[PDB]
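Chemist: Structure incoming, see below.
Virtual Cβ from ideal backbone geometry, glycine too; neighbours counted across all protein chains shown. Read-outs: derived from the displayed coordinates by stated rules, not from any lab.
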Amino acid sequence: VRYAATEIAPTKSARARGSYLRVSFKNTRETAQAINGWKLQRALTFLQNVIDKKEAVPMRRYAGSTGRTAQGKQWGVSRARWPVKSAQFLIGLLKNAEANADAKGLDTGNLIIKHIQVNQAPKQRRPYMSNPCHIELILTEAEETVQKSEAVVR
Amino acid sequence: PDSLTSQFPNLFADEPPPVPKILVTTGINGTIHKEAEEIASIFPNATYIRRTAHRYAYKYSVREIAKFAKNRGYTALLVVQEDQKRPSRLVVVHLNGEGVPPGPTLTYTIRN
Amino acid sequence: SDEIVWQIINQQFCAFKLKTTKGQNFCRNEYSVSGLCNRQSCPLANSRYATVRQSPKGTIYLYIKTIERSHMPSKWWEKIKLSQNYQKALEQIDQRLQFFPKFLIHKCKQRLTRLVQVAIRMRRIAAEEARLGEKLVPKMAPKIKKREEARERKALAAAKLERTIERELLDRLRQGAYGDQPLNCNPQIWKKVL
Amino acid sequence: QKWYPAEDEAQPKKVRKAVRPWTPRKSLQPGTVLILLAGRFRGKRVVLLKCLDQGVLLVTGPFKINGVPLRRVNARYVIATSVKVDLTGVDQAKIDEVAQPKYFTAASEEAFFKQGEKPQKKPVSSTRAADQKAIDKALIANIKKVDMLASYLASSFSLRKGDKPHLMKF
Amino acid sequence: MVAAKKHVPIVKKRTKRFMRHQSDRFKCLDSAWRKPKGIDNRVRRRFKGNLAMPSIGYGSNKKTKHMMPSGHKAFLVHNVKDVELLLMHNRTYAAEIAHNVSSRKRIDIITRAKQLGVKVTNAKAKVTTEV
RNA sequence: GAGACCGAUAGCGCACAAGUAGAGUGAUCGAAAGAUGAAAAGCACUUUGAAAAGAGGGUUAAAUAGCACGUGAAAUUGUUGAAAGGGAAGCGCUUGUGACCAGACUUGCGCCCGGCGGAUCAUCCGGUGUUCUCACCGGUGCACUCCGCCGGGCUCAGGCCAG
RNA sequence: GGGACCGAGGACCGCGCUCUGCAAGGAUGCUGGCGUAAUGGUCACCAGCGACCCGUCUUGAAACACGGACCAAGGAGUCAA
Ligand SMILES: [Zn+2]
């Protein structure tokens with residue numbers, strides 16, 4: 001039979017969740033896709049630069065023609081914006097998972113974001129509807145490989 | 001533990017056999033050959049033999065194979081029982097040596 | 001009034017009738033030569049009838065029903081022991097179901113045939129199951145399986161498995177379990193340990 | 001037999017299909033060189049000995065010329081070639097012996113422990129090798145007399161460019 | 001020799017389900033067959049390249065109707081008394097244990113069918129083998 | 001006191017804050033909204049941090065039952081994996097490739113020889129019930145007969161696809 | 001003489017013939033292969049051919065007009081005289 005790819009061990013992992021966050025789902029989905037599969041320190045610098053209006057977030061799926069700056073040359077996408085609240089909610093979620101990893105005894109300088117996922121929260125019932133979101137994310141240490149012994153003949 | 005040594009003299013004796021010889025087989029007319037061979041690679045000096053050759057072959061019992069492998073010189077006999085074409089139970093039988101009978105049988109459950 | 005009894009059973013209702021979607025109907029009466037709801041093998045519609053049954057002591061009996069005692073269902077069937085010799089047992093049916101409908105003579109021999117081969121088939125698979133010693137047992141109940149799936153999840157977190165392996169491996173290097181000049185480690189690493 | 005028929009399984013009716021002898025084609029004669037087209041000896045030229053029943057043909061190489069032993073083959077899987085060799089001196093009694101159907105036809109510790117192992121290649125029998133030599137002894141001596149037949153029978157048949165089998169005369 | 005009786009070869013005239021028209025496009029329409037009733041419906045007038053309709057010409061052979069690939073007809077069984085109804089028909093029918101039968105009652109059915117020589121379709125659902 | 005009634009878009013508008021909340025100057029109009037668990041045992045304590053939120057840990061048979069709470073469909077959405085594509089593609093017939101899943105006849109009977117044991121064997125004894133000639137027990141034994149079991153020997157029948 | 005497709009039925013019964021049995025009221029014989037896979041199913045994709053809007057309602061014509069964003073639940077010949 002087939003066997004699915006098993007989960008990396010929980011003591012090598014670190015989890016963080018955010019539910020019912022009053023933040024736009026289309027913007028947070030585009031912000032989370034920008035930093036998926038990055039280093040932890042790489043992501044915290046990028047999301048802080050988005051806060052300080054330095055580096056822009058490309059818009060790919062939920063893309064609206066708002067800005068066309070030269071900062072999109074590093075992504076290849078001609079549409080860019082600056083999600084501030086989406087960066088702030090994702091920063092506090094990444095810092096939460098960094099604190100969780102240190103409680104579990106993980107190496108702070110070598111987490112990567114292997115899993116980020118944005119869902120939709122229930123709509124806030126007020127003709128105008130808000131679009132909140134759920135966010136969950138998992139950090140793990142980089143895969144460490146050790147050397148093999150030379151095989152012994154007998 | 002004095003109660004354990006008297007009840008099971010073979011496991012808790014002075015000196016075990018130096019190089020244990022282990023035989024791994026499957027459930028009867030099993031289909032988990034790749035899973036049992038990897039379990040055979042877990043324990044050093046272990047060989048895998050399928051329980052039944054063909055679908056319409058002789059239906060050897062665990063009691064028989066324990067007698068057959070003890071004659072050849074094996075130390076333990078392992079049977080991996082399958083459910084849903086996946087390993088589900090591990091039966092560990094201790095064949096021992098010389099004159100003492102095949103010792104305790106420990107059945108386990110392989111879940112994940 | 002055997003035809004009238006058949007009209008009520010067949011068209012309206014019978015308590016022994018099992019209806020399948022496969023095209024054949026089945027009779028649940030224990031006194032039926034063939035478990036089918038046809039006219040020739042109804043114990044109810046046929047005032048004179050024969051069947052073959054097996055006692056749990058292993059004795060095969062021939063049950064004969066006559067019309068002259070049909071008003072008393074307690075004294076209805078007469079039980080007649082059949083021989084273990086197969087060709088002799090077939091002759092008792094021919095002798096005792098004399099002047100009966102050919103269907104009832106035929107289906108009593110076939111029911112005799114099936115019951116004798118089942119006993120041989122019973123003794124063969126009992127001998128094989130006593131040889132293997134394997135027995136079918138129920139699997140784990142849904143609630144117990146839900147319990148061990150939940151408590152294994154908590155045990156896996158509480159184990160902290162790769163931390164415990166590292167903790168125990170570093171314990172043995174400290175305590176000198178690997179011996180002097182180990183093939184386990186790197187000599188510039190042992191000089192750190194002193 | 002022993003049992004009464006326990007079901008309504010009807011017997012088959014009496015079929016009207018009598019077995020009659022197979023009539024081979026006129027091109028198949030004892031001594032005809034044949035070209036094998038299928039099997040493990042495909043493309044090899046061999047010499048026919050006897051026409052058996054139901055389209056089977058008893059054929060030898062002989063073994064010292066090409067490598068094909070005493071064997072059976074089906075008529076439709078072979079091609080007959082116009083060259084015919086002499087069988088003077090070949091033992092018809094020995095050929096009639098190797099033409100029998102029985103000739104080419106035929107729980108413990110060791111049974112359990114050889115489950116999954118590839119069986120070893122059993123060698124040739126004494127009678128199989130001896131009967132081969134007895135049949136071929138008068139055969140290749142016949143083959144040497146006709147010029148270039150030895151290299152013909154040791155060779156393998158193949159098709160070149162422009163070789164159209166509907167126009168080739170065999 | 002424990003198998004089904006001698007049966008003529010099973011020929012299925014069509015192995016594919018008749019699917020309702022436009023059921024692939026609209027999720028509200030289930031795939032269960034409904035005959036089209038519009039007078040300009042291209043399926044109804046039976047133009048080429050469209051879905052065929054069910055018809056009595058697709059009907060299977062009466063000798064092999066309701067027969068499993070092994071040659072048996074399925075028999076739904078709820079307890080041990082139902083298997084014994086198959087004592088005389090162990091070559092024509094096969095025991096299909098109902099889905100709401102418990103674990104223990106299934107083993108009683110499976111033991112009984114082996115003694116009677118009756119094939120079981122689902123003999124490994126809630127059971128396991130212990131040595 | 002009842003029912004071949006309805007079962008939370010049903011049944012009275014209202015199973016619950018219901019002529020309530022809300023609208024209109026007013027006469028009047030008038031909703032939505034049931035279900036944790038057997039028991040709150042309704043998450044102590046550690047640690048993030050400004051929150052209707054996490055990570056540990058605990059209660060419980062179960063917390064993927066945590067006062068967003070039985071089950072938890074579809075539309076719709078995100079992540080992971082496979083494949084494809086550039087105004088394509090979608091449906092019908094027919095193969096091919098890859099992935100996953102399943103797993104074919106359920107695989108047996110019959111003779112001969114030796115030993116062992118039970119019987120429906122013995123014109124054996126005793127008892128019980130019966131439809132009054134049929135069944136069932138208890139005790140005897142192996143001259144005959146018949147069944148099993150064990151140990152040898154032999155034969156036959158077996159599902160499907162080719163040629 | 002060469003080739004293709006097919007083998008329905010299932011004790012005997014009939015008409016016959018080249019009469020120790022036959023080609024005469026429907027296929028048997030021999031040999032081989034088949035369980036770490038014979039043989040199927042589902043999904044995805046490529047390929048050849050075909051077709052490419054449904055219900056209503058008119059027309060010589062639907063290439064007219066009306067309805068259709070999607071999904072769940074509700075929803076229309078009933079009961080009395
Ligand atoms: Zn009936």
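Chemist: Scan (1) closer than 22 Å to E:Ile109 by Cβ; (2) loosely packed, with under 14 Cβ neighbours inside 10 Å; (3) among the hydrophobic types (A, V, I, L, M, F, W, C) for the single condition C:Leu115 breaks and write down its number.
Modeler: Among (1) closer than 22 Å to E:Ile109 by Cβ; (2) loosely packed, with under 14 Cβ neighbours inside 10 Å; (3) among the hydrophobic types (A, V, I, L, M, F, W, C), C:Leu115 violates only (2).
Chemist: Would you mention how many residues in the range C:119-147 are farther than 30 Å from B:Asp83 by Cα and either at the interface with chain E (Cβ under 8 Å from one of its Cβ atoms) or in contact with an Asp or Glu (Cβ under 9 Å, 6 or more places away or on another chain) (or both)?
Modeler: Residues that pass the stated criteria total 0.
Chemist: Here's something else I'd like to know. When the range B:59-83 is examined, which residues are found to be outside any loop (DSSP other than H, G, I, E, B), within 21 Å of E:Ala123 (Cα to Cα) and within 14 Å of chain C (Cβ to nearest Cβ)?
Modeler: B:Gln81, B:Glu82, B:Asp83, listed by residue number.
Chemist: Right, another one. Only one residue in E:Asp82, E:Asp108 is touching a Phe, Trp or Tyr at 6+ places or on another chain (Cβ under 9 Å) and in a helix (DSSP H, G or I), so which one is that?
Modeler: It is E:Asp82.
Chemist: Further, regarding this structure: When the range B:83-107 is examined, which residues are found to be more than 10 Å from the chain's Cα centre (by Cα) and either closer than 17 Å to B:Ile42 by Cα or among the charged types (D, E, K, R) (or both)?
Modeler: Listed by number, the residues that qualify are B:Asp83, B:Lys85, B:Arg86, B:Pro87, B:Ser88, B:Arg89, B:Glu98.
Chemist: Of the residues that sit in the range C:80-114 and are touching a strand residue (DSSP E or B) at 6+ places or on another chain (Cβ under 8 Å) and not in a helix (DSSP H, G or I), which one is farthest from C:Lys57 (Cα to Cα)?
Modeler: C:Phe100
Chemist: Could you say which residue among C:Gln12, C:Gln40, C:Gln7 is more than 23 Å from the chain's Cα centre (by Cα) and surrounded by fewer than 11 Cβ atoms within 10 Å (Cβ to Cβ)?
Modeler: The unique qualifying residue is C:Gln12.
Chemist: Kindly list the number of the only condition in (1) away from the ligand (no atom under 16 Å from the Cβ); (2) touching a helix residue (DSSP H, G or I) at 6+ places or on another chain (Cβ under 7 Å) that fails for C:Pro56.
Modeler: Condition not satisfied by C:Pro56: (2).
Chemist: Please determine whether any residue of the range E:13-25 is within 11 Å of RNA strand F (Cβ to nearest atom), away from every other protein chain (no Cβ under 14 Å) and of a type in the set (A, V, I, L, M).
Modeler: Within the range E:13-25, one or more residues are within 11 Å of RNA strand F (Cβ to nearest atom), away from every other protein chain (no Cβ under 14 Å) and of a type in the set (A, V, I, L, M).
Chemist: Check B:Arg86 against each of (1) away from chain D (no Cβ under 14 Å); (2) basic (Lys, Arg); (3) within 13 Å of RNA strand G (Cβ to nearest atom) and name the one condition it does not meet.
Modeler: B:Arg86 satisfies every listed condition except (3).
Chemist: Ok, one more. Within the range D:94-102, identify whether any single residue is aliphatic (A, V, I, L, M), more than 24 Å from D:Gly31 (Cα to Cα) and outside any helix (DSSP H, G or I), and answer yes or no.
Modeler: No.
Chemist: If I ask for residues that are of a type in the set (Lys, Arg), in contact with a strand residue (DSSP E or B) (Cβ under 7 Å, 6 or more places away or on another chain) and more than 7 Å from RNA strand F (Cβ to nearest atom), which ones from the range A:7-36 would you list?
Modeler: Answer for the range A:7-36, where residues must be of a type in the set (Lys, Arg), in contact with a strand residue (DSSP E or B) (Cβ under 7 Å, 6 or more places away or on another chain) and more than 7 Å from RNA strand F (Cβ to nearest atom): just A:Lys12.
Chemist: Could you please let me know if C:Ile105 is among the hydrophobic types (A, V, I, L, M, F, W, C), exposed (fewer than 14 other Cβ atoms within 10 Å of the Cβ) and more than 10 Å from every other protein chain (Cβ to nearest Cβ)?
Modeler: no
Chemist: Any chance you could count how many residues in the range C:154-171 are surrounded by 12 or more Cβ atoms within 10 Å (Cβ to Cβ) and assigned to a helix (DSSP H, G or I)?
Modeler: Number of matching residues: 6.
Chemist: From the list B:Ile28, B:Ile49, B:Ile32, B:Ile22, exactly one residue is among the aliphatic types (A, V, I, L, M) and more than 11 Å from every other protein chain (Cβ to nearest Cβ). Which is it?
Modeler: Answer to the check: B:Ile22.
Chemist: Is it true that E:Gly38 is more than 10 Å from RNA strand F (Cβ to nearest atom), outside any loop (DSSP other than H, G, I, E, B), away from chain D (no Cβ under 14 Å) and of a type in the set (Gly, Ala, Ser)?
Modeler: Taking the combined requirement at face value, the residue does not satisfy it.
Chemist: Of all the residues that make up the range D:38-56, how many are within 14 Å of RNA strand G (Cβ to nearest atom) and touching a strand residue (DSSP E or B) at 6+ places or on another chain (Cβ under 8 Å)?
Modeler: Result for the range D:38-56: 4.
Chemist: Quick check on C:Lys22: is it closer than 30 Å to E:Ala74 by Cβ and touching a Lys or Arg at 6+ places or on another chain (Cβ under 8 Å)?
Modeler: yes
Chemist: If E:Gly57 meets every condition in (1) under 27 Å from C:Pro138 (Cα atoms); (2) away from chain C (no Cβ under 11 Å) apart from one, which number is that one?
Modeler: Here E:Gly57 clears every test but (1).
Chemist: Might you check whether a residue that is within 14 Å of the chain's Cα centre (by Cα) and closer than 17 Å to D:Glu109 by Cα occurs anywhere in the range B:31-40?
Modeler: No: zero hits.
Chemist: Among (1) outside any strand (DSSP E or B); (2) more than 10 Å from chain C (Cβ to nearest Cβ); (3) within 18 Å of the chain's Cα centre (by Cα), which single condition is E:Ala95 missing?
Modeler: (1)
Chemist: In contact with a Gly (Cβ under 8 Å, 6 or more places away or on another chain) and more than 14 Å from chain D (Cβ to nearest Cβ): is that true of B:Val91 in this structure?
Modeler: no
Chemist: Another one. Could you pull out the residue among A:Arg68, A:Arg61, A:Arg42 that is out of contact with any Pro (no Cβ under 8 Å at 6 or more places or on another chain), under 28 Å from A:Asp107 (Cβ atoms) and surrounded by fewer than 15 Cβ atoms within 10 Å (Cβ to Cβ)?
Modeler: Checking each option against the conditions leaves just A:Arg42.
Chemist: Got at least one residue in the range B:45-58 being touching an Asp or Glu at 6+ places or on another chain (Cβ under 7 Å), outside any strand (DSSP E or B) and surrounded by 14 or more Cβ atoms within 10 Å (Cβ to Cβ)?
Modeler: Within the range B:45-58, not a single residue is touching an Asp or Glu at 6+ places or on another chain (Cβ under 7 Å), outside any strand (DSSP E or B) and surrounded by 14 or more Cβ atoms within 10 Å (Cβ to Cβ).
Chemist: Do we have E:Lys119 as within 16 Å of RNA strand G (Cβ to nearest atom), within 30 Å of B:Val79 (Cβ to Cβ) and away from chain C (no Cβ under 12 Å) here?
Modeler: yes
Chemist: Do any strands (runs of 3 or more DSSP E) lying entirely in the range C:1-79 carry at least 1 residues that are within 14 Å of chain E (Cβ to nearest Cβ) and either of a type in the set (S, T, N, Q) or within 16 Å of RNA strand F (Cβ to nearest atom) (or both), and which ones are they?
Modeler: Counting at least 1 such residues, we get C:25-27, C:49-54, C:60-65.
Chemist: Further, regarding this structure: Test each condition in (1) within 14 Å of chain C (Cβ to nearest Cβ); (2) within 30 Å of D:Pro12 (Cα to Cα); (3) within 13 Å of RNA strand F (Cβ to nearest atom) for E:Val83 and report the one that comes out false.
Modeler: (2)
Chemist: I want to confirm something. Restricting to the range A:74-105 and keeping residues that are polar (S, T, N, Q) and assigned to a helix (DSSP H, G or I), which single residue is surrounded by the fewest Cβ atoms within 10 Å (Cβ to Cβ)?
Modeler: A:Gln74
Chemist: Scan the range B:63-74 and report the pairs whose first residue is at negative phi and whose second residue is assigned to a helix (DSSP H, G or I), with Cβ atoms within less than 6 Å and a gap of 6+ or a chain change.
Modeler: B:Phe68/D:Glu109; B:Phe68/D:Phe112
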